[PDB]
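Read the structure below first, then the notes.
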Amino acid sequence: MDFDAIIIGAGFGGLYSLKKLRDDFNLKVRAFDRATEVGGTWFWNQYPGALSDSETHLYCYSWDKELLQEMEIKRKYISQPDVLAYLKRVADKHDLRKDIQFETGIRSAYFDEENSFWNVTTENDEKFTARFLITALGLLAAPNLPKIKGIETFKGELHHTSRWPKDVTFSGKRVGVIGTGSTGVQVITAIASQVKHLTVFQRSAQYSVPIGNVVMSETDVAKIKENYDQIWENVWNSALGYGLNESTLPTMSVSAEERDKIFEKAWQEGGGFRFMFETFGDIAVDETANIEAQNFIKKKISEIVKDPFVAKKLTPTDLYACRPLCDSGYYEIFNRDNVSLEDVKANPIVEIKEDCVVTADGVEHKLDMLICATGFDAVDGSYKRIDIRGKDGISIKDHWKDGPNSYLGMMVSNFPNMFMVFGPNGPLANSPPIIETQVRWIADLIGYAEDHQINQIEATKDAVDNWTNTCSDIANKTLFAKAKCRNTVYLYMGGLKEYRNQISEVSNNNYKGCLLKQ
Ligand SMILES: Cc1cc2nc3c(=O)[nH]c(=O)nc-3n(C[C@H](O)[C@H](O)[C@H](O)COP(=O)(O)OP(=O)(O)OC[C@H]3O[C@@H](n4cnc5c(N)ncnc54)[C@H](O)[C@@H]3O)c2cc1C
Ligand SMILES: NC(=O)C1=CN([C@@H]2O[C@H](COP(=O)(O)OP(=O)(O)OC[C@H]3O[C@@H](n4cnc5c(N)ncnc54)[C@H](OP(=O)(O)O)[C@@H]3O)[C@@H](O)[C@H]2O)C=CC1
């Protein structure tokens with residue numbers, strides 16, 4: 001009797017969840033977040049070089065036409081402080097904070113089968129009740145780097161990229177970075193010119209393409225805002241929602257000289273998804289096609305990195321091109337006299353002293369600062385860190401013991417009245433379009449519940465297994481069977497448009513696979 005819905009999360013997913021349910025469906029709803037301000041991961045992740053993978057004019061909401069026309073499009077891609085300022089504007093305009101309880105982590109969510117609602121308890125023993133639970137948790141857990149003996153003995157600055165403190169200075173300091181993923185590449189490229197010396201501890205070299213983050217002219221921004229309606233229709237009609245001309249052309253169907261200029265054109269425009277999916281249509285499907293994309297980036301590495309032994313060290317061994325990163329000058333950094341690259345697969349880290357990282361060759365790497373760009377736990381980690389218990393009292397820890405399974409990426413069997421926003425078993429595409437799709441869909445169902453006097457919604461065990469069927473069927477058709485994440489399937493790989501088709505069919509067929517109770 002407290003609320004119609006409780007929302008966990010104050011980022012992209014939770015913000016739109018609260019706006020949709022409160023202002024478009026007149027529900028009484030409260031949102032909770034451990035943060036002190038809106039933003040989600042854009043409020044937490046403030047490491048150097050933090051940048052969006054998707055272009056500025058698309059990494060935003062589409063449901064507010066006035067916001068689209070007044071939005072600031074400063075550069076082709078948007079930095080973390082600017083995303084945070086955008087989400088704070090969204091909360092300002094739509095009067096959202098008055099229904100968000102900040103500095104409040106939820107500890108447990110217990111489904112009350114008798115009354116058909118959720119018992120939600122914060123970490124300060126505050127207990128709320130609500131008919132529906134909206135979980136917009138994102139992806140977060142941060143595996144710091146234990147496994148390395150003696151990391152707790154380090155006397156210098158030790159930061160994980162997810163907990164990046166304020167007022168970090170780099171001048172005159174010897175800095176080390178562990179991790180060469182998307183975050184590591186961004187930090188390394190941003191700080192190398194600022195430090196006295198940078199040591200990169202690379203376990204696995206990955207492919208990276210230029211992002212081409214350039215300033216946007218008054219004319220560039222005007223052409224976007226004049227054609228914004230068509231731009232978003234292309235997003236809903238695409239597989240990735242990145243504004244790309246998604247290619248159908250086979251990689252080997254063109255000559256070697258034509259293939260080189262197609263890759264070169266995308267290399268100049270910039271963009272990771274552009275290089276994989278705007279160039280040709282079978283790079284993630286055919287091995288001969290994939291190797292062609294590998295050899296182009298491998299050739300680009302050996303031209304940029306003048307030292308052939310450093311270039312060889314940066315070249316991915318046998319890793320096939322599956323999600324290459326984007327960078328703003330990552331390969332050029334290793335030409336600097338103050339940058340050292342350490343292959344910690346052939347020369348592993350064995351211990352950390354009070355003042356250094358020591359490798360297996362005995363070399364002590366003196367450091368004033370050690371940055372851990374080591375990553376984040378699995379996508380179900382944010383859910384397992386919650387004490388959620390549905391029917392018969394089973395917890396999501398037990399139910400997802402062997403990975404996350406769901407119906408349409410939004411519903412979990414044995415967990416009624418719980419709807420996941422940007423959760424696992426979802427599509428691989430631009431996140432704001434995915435979040436908007438799922439939030440509009442979930443709100444449509446809850447409105448269908450208030451109209452039809454329904455107080456319990458639950459997915460069946462077989463609709464979930466049917467979802468695992470279509471995800472595994474599409475996934476096993478693509479090259480994503482070597483170094484990724486994902487018989488539990490983690491992602492639906494049919495694209496955004498087919499995901500919206502799939503989810504529209506069951507909303508048009510009386511929510512097939514859902515157990516509606518009155
Ligand atoms: C630097 C960066 C750049 C990215 N760029 C792109 C891009 O270009 N394109 C793209 O498609 N994706 C991108 N992503 C990924 C994706 O867009 C983000 O994960 C996205 O912000 C997800 O939004 P969200 O609201 O669902 O989750 P989040 O933004 O992570 O918000 C989740 C919130 O829930 C809160 N929360 C969780 N559990 C609890 C609890 N128990 N109690 C209280 N609060 C809780 C957290 O504190 C957090 O504030 C990027 C991610 C990062 C980190
Ligand atoms: N817009 C963007 O481009 C961004 C996207 N993201 C998203 O966030 C997710 C996380 O990105 P990231 O933060 O890079 O997390 P990642 O897991 O992608 O990067 C992990 C890095 O840490 C290294 N590592 C982990 N453990 C060790 C160890 N014990 N010793 C040495 N090296 C180690 C890994 O090496 P190995 O590979 O050998 O395990 C890898 O290089 C990505 O999936 C990405 O999609 C986040 C920020 C920016």
Side-chain angles (χ1 to χ4, degrees), residues 3 5-22 29-52 59-61 67 78-109 120-128 130 133-144 159-168 183 186 372-373 375-377 379-388 419-423 431-432 434-436 438-439:
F3 308 106
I6 280 166
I7 290 159
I8 312 146
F12 262 98
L15 278 175
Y16 188 37
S17 278
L18 168 48
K19 175 63 192 185
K20 200 78 217 172
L21 293 182
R22 188 196 69 189
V29 46
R30 201 150 171 83
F32 300 89
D33 204 310
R34 288 191 182 96
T36 57
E37 179 59 289
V38 318
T41 186
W42 292 107
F43 170 84
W44 303 104
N45 260 9
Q46 46 186 20
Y47 59 81
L51 190 66
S52 62
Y59 195 68
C60 59
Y61 291 125
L67 217 30
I78 179 157
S79 306
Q80 172 269 328
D82 294 341
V83 180
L84 178 59
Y86 166 76
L87 289 175
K88 277 155 71 161
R89 217 311 201 201
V90 170
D92 279 10
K93 182 148 97 81
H94 294 282
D95 190 25
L96 286 185
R97 285 185 197 79
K98 77 188 177 45
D99 287 304
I100 307 171
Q101 192 153 306
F102 292 114
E103 321 211 55
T104 307
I106 303 312
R107 188 210 312 142
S108 69
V120 181
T121 318
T122 78
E123 292 171 342
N124 325 92
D125 297 28
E126 215 187 356
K127 164 249 208 202
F128 299 91
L133 192 58
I134 312 306
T135 56
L137 316 172
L139 46 93
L140 170 66
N144 200 51
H159 312 135
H160 188 282
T161 50
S162 69
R163 324 304 224 172
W164 190 257
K166 295 318 217 323
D167 306 326
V168 169
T183 303
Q186 290 176 341
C372 293
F376 294 93
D377 263 35
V379 83
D380 42 334
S382 325
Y383 279 92
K384 265 150 172 294
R385 274 189 139 74
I386 302 270
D387 191 15
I388 314 173
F419 301 99
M420 285 180 324
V421 170
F422 199 52
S431 321
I434 295 166
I435 280 163
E436 277 189 10
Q438 297 166 336
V439 163

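The analysis underlying the following values was restricted to heavy atoms, covering all of them including side chains, and did not include hydrogens, waters or symmetry mates. Note that the numbering runs from 1 along the sequence shown for the chain.
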* Mind telling me whether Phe32 and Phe128 have parallel, tilted or perpendicular rings, with 30° and 60° as the class edges? => tilted
* Just say parallel, tilted or perpendicular for the rings of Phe376 and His160, cut-offs at 30° and 60°. => perpendicular
Enter the distance from [X]:[atom1] to [Y]:[atom2] here, rounded to the nearest 0.5 Å.
X      : Y      : atom1 : atom2 : value
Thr121 : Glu123 : OG1   : CD    : 11.0 Å
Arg89  : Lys93  : CZ    : NZ    : 6.5 Å
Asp82  : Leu87  : CG    : CG    : 11.5 Å
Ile8   : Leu137 : CD1   : CG    : 6.0 Å
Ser17  : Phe422 : OG    : CZ    : 13.0 Å
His159 : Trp164 : NE2   : CH2   : 6.0 Å

Heavy-atom closest pair, residues [X] and [Y]:
X     : Y     : answer
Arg30 : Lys98 : NH1-O, 3.8 Å
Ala91 : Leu15 : CB-CD2, 4.5 Å
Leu84 : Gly39 : CD1-CA, 4.0 Å
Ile7  : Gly14 : CG2-CA, 3.9 Å
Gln80 : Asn45 : CG-O, 3.1 Å
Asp33 : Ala10 : OD2-N, 2.8 Å

* **Test log, rule side chain to side chain contact (heavy atoms under 4.5 Å, CB included), inputs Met420 and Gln438** => CA-CA 8 Å; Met420 285 180 324; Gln438 297 166 336; over 6 Å; no
Taking the side chain as everything from C-beta on, heavy atoms only, tell me whether [X] gets closer than 4.5 Å to [Y].
X      : Y      : value
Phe12  : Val83  : yes
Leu140 : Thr41  : no
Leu96  : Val38  : no
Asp387 : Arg107 : no
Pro432 : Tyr16  : no

* To do: Decide yes or no on side chain to side chain contact (heavy atoms under 4.5 Å, CB included) for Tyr59 and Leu51, but give the supporting numbers first.
  => CA-CA 11 Å; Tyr59 195 68; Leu51 190 66; over 6 Å; no
[X] side chain to [Y] main-chain N or O, any donor-acceptor pair under 3.5 Å?
X      : Y      : answer
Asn124 : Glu126 : no
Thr104 : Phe102 : yes
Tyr61  : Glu436 : no
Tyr383 : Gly423 : no
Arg97  : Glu37  : no

* Dump the intermediate steps for side chain to side chain contact (heavy atoms under 4.5 Å, CB included) on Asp99 and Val29, then the final yes or no. => CA-CA 7 Å; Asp99 287 304; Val29 46; 5.8 Å; no
* Asked: Taking only residues two or more places apart in sequence, or in another chain, which ones meet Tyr47 in a ring-ring contact (aromatic ring centres under 6.0 Å, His included)?
  -> none
* To do: Take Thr36 and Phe43 through the side chain to side chain contact (heavy atoms under 4.5 Å, CB included) test and state the conclusion after the steps.
  => CA-CA 9 Å; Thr36 57; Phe43 170 84; 3.3 Å; yes
